[PDB]
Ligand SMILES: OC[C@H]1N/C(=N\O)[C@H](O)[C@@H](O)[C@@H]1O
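Heads up, the chain below is alone and in the form deposited without the named molecule; it's given as structure tokens.
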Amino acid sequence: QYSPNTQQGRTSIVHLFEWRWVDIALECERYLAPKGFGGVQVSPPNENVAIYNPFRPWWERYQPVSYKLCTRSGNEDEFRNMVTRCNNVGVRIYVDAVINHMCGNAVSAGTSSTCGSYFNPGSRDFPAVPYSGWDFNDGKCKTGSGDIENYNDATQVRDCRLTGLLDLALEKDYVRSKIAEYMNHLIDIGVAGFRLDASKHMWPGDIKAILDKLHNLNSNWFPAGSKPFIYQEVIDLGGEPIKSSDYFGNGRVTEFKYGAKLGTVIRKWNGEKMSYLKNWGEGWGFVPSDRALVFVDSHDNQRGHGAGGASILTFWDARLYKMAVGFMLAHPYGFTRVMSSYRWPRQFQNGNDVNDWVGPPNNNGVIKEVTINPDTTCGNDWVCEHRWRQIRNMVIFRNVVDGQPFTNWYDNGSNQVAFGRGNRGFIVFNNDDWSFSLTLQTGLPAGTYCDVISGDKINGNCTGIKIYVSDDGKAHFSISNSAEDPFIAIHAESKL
């Protein structure tokens, strides 16, 4: 469960949020594979409720109607096509598995689904699975409203409705089998793993019972005995009866404290400073590195819909965002997930964004295709952070330094820090309100290195800053607090 199953050498996955299968297939071949990305997290591929009020929001995909591979992202044929092409190029696919619940109980019955399947929330009828009233936790939940009312009670958090979402009775073998049937169908198709949505709302034991019914990965692409990569979505900050450590026996867990803390540190909130990142990782109360799935922002908290709140950094904060992502990708802690989003009309009122529901770029509900500009950037309102030079080059940096230890740390007691990874990489950050000019020990072999943040190494030459490492491994770095990107990164493969 704990291994990503990525090709040797690729250390990151990217969340291509709301992308169409056909676009992902193309991206795998034209960019993801050549650039060294390990895999892709896809949006839920199963049929969901079609909400029109508000129009088509992104969260309608977390309200299942059936396990049919039929959504705004494409049909089953297109989905299978994407997995095959991506796998054939060495890029894995990770499915977002929404198995804790079905749609909201207040949703009207009918055929308002992405595939026309009929459903009736009121009577607990989902004939396309099929599921009936006997398959939900309505009789098990003890709250007066039937919804989760108090998170201090670990029992209702697992047996009651998350904001009204019909809760599946995961202790019943029938339900466990229907879910395994769905996941095994995907595994046999070729997916390498899953993101278990709302894992906190499920009993660790119920999850285990389901994982026990899962097949090994497709032997046409994976070595015999390969188990699917499992990362459970558990929002565990401090003070809750439920701990993410309770789920270690099933696979990895999302470390939401990672992005929240990095955000406040980079934003320099509450007296925090980058020099405190010296013991970043478990020393900060995070889960063990071999059980952590980390990220700066997620599709949820990038719009204030999740843990982290206001401190979370996103593409909206481009400058600080690139720095945070750079630090994450350079630091050895956990397995990294890169975010890829779309622009939406952010409309703040009394501190909250009233347009946080807006779905992907579309034409009358039809998701727009991802277009590639001449400068490798995207159009149609897709942000494509994974294509930003500073982020893409750090993705490669992580691959190059994979396995190298954390060393040669340096800090000015404020917001100017630096560190290297063995003798394959070195990175320097300047987040102070003054310039940084100093000679540091990089631990790298002598030579001329191209700064991969400001430029690239293109055929024996650098298109940006050049760093010169002397015989004793020392090198001079100059970063003004006015630089577009206040940090420099160089590695073994950026050496001239």
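A residue's number is simply how far along the shown sequence it sits, counting from 1.
Trainee: Per the record, averaged over C-alpha atoms, which has the higher B-factor: 466 to 474 or 31 to 39?
Mentor: So the stretch with the higher mean C-alpha B-factor is 466 to 474.
Trainee: For the stretches 367 to 375 and 83 to 91, which has the higher mean C-alpha B-factor as given in the deposited record?
Mentor: Comparing averages over the C-alpha atoms only gives 367 to 375.
Trainee: Among 208, 140, 185, 386, which residue carries the highest C-alpha B-factor recorded in the PDB entry?
Mentor: 140 has the highest C-alpha B-factor of those listed.
Trainee: Looking at 407, 254, 341, 250, which has the highest Cα B-factor in the entry?
Mentor: The listed residue with the largest C-alpha B-factor is 407.
Trainee: Name the third of the chain's ranked CA B-factors that contains residue 12, choosing lowest, middle or highest.
Mentor: It falls in the bottom third of the chain.
Trainee: Please place residue 69 in the lowest, middle or highest third of its chain by C-alpha B factor as given in the entry.
Mentor: Middle third of the chain for residue 69's C-alpha B-factor.
Trainee: Considering every modelled residue of the chain and its Cα B-factor in the PDB entry, is residue 106 in the lowest, middle or highest third?
Mentor: Residue 106: CA B-factor falls in the highest third of its chain.
Trainee: Thinking about Cα B factors across the chain, which third does residue 451 belong to?
Mentor: Middle third by C-alpha B-factor.
Trainee: For residue 337, does the deposited CA B-factor place it in the lowest, middle or highest third of the chain?
Mentor: Lowest third of the chain for residue 337's C-alpha B-factor.
What comes next is about the form solved in complex with the named molecule, which is not displayed.
Trainee: Is every one of 151, 162 and 201 in contact with the named molecule in the deposited complex, taking contact as a heavy atom within 4.5 Å?
Mentor: Yes, each of 151, 162 and 201 comes within 4.5 Å of the named molecule in the deposited complex.
Trainee: Answer yes if any heavy atom of residue 240 is within 4.5 Å of a heavy atom of the named molecule in the deposited complex; otherwise answer no.
Mentor: Because a heavy atom of residue 240 falls inside 4.5 Å of the named molecule in the deposited complex, the answer is yes.
Trainee: Given that the named molecule is not shown alongside this chain, does residue 210 nevertheless sit within 4.5 Å of it in the deposited complex, heavy atom to heavy atom?
Mentor: Because no heavy atom of residue 210 falls inside 4.5 Å of the named molecule in the deposited complex, the answer is no.
Trainee: Given that the partner is absent here, does residue 323 sit within 4.5 Å of the named molecule in the deposited complex, heavy atoms only?
Mentor: Heavy-atom contact with the named molecule at 4.5 Å: absent for residue 323.
Trainee: So in the deposited complex, does residue 338 come within 4.5 Å of the named molecule, heavy atom to heavy atom?
Mentor: So residue 338 does not count as contacting the named molecule.
Trainee: Among the candidate residues 395, 235, 180, 313, which is the single one with a non-hydrogen atom no more than 4.5 Å from the named molecule in the deposited complex?
Mentor: Residue within 4.5 Å of the partner: 235.
Trainee: Select, from the options 404 to 412, 421 to 429, 180 to 188, 193 to 201, the stretch whose residues sit within 4.5 angstroms of the named molecule in the deposited complex by heavy atom distance.
Mentor: Of the options, only 193 to 201 has residues within 4.5 Å of the partner.
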